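Starting off, we have a lone chain in the form deposited without the ligand, written out as C-alpha cells.
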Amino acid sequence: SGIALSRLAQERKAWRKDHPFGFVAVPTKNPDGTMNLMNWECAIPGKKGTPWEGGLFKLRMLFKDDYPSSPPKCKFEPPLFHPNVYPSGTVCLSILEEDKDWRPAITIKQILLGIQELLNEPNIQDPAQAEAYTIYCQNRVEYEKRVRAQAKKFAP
C-alpha cells in the first residue's frame, strides 16, 4: 500500500492546484478522520456542443494496492446508459485495462478526460451494456434524446 498512497497524495495535490474547470475528484473520509486516499468521489461534466451538454455524471474511482502498477476501477454511481458502460456502472476502456493500455504514468486527470471523451464518441467493437448497444446500431436519434434526457436528469 505504501507505494500507492504516496503517489495519490501527490495526485490530489496537483489536482487541487489545477484541474479542467468543472470536474470533481476528492478522496473520501474514513469514519473518524482519516483520510481514505484509495477511494475517490469524482464527477464529469459532458463537453458542450454535444447531446451530453448540460449534465454532470458521477463516478466512484477505486484504487488497488498495486496502483500505479494496476489501474483504478471506475464505476458510475448510479449505472449509466452508455454502450461502453457495464450495467453495474464500471467504465470499460483500453487505458483502464491492466494488461492492455494502462500505463503507470497515467494521471487521474487524464483518466477523467479520457472518460469524458468516451462519452459522446463510443467504442462500437467493445460493448458493455446490451440495451445501449442495441440502440446505437439502428436508430441513433433514440439514443440521442436518451442522452439528452439523461443529462437533463443531472442538475448543473
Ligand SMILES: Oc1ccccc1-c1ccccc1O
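Sequential numbering from 1, following the sequence displayed. Throughout, rigid core stands for the largest set of C-alpha atoms superposing within 1.5 Å between the two forms.
**Q** Determine, for 32 to 40 and 90 to 98, which one has C-alphas that on average lie farther from this form in 4 other deposited structures of this protein; superpose on the rigid core first.
**A** With the rigid core superposed, the C-alphas that lie farther in 4 other deposited structures of this protein are those of 32 to 40.
**Q** After fitting on the rigid core, which stretch moves more in 4 other deposited structures of this protein, 105 to 113 or 123 to 131, going by C-alpha RMS?
**A** Of 105 to 113 and 123 to 131, the stretch deviating more in 4 other deposited structures of this protein is 123 to 131.
Not pictured, yet referred to below: the form deposited with the ligand bound.
**Q** Give a yes or no for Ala128: in the entry with it bound, does one of its heavy atoms lie within 4.5 Å of a heavy atom belonging to the ligand?
**A** So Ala128 does not count as contacting the ligand.
**Q** Does the ligand get within 4.5 angstroms of any non-hydrogen atom of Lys64 in the entry with it bound?
**A** No, no contact at 4.5 Å.
**Q** Considering only heavy atoms, tell me if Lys109 and the ligand come within 4.5 Å of each other in the entry with it bound.
**A** No.
**Q** With the partner left out here, check for me: in the entry with it bound, does some heavy atom of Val147 sit within 4.5 Å of the ligand?
**A** Heavy-atom contact with the ligand at 4.5 Å: absent for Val147.
**Q** Quick one: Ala43, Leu59 and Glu77 and the ligand in the entry with it bound, is every residue within 4.5 Å by at least one heavy atom?
**A** The answer is yes: all three residues contact the partner (heavy atom, 4.5 Å cut-off).
**Q** Given a 4.5 Å cut-off on heavy atoms, tell me which of 35 to 43, 118 to 126, 101 to 109, 65 to 73 is the interface stretch with the ligand in the entry with it bound.
**A** Only one stretch passes the 4.5 Å heavy-atom test: 35 to 43.
**Q** Within 4.5 Å of the ligand in the entry with it bound, which residues of 1 to 37 have a heavy atom? Give them in sequence order, or say none.
**A** Contacts from 1 to 37: just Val24.
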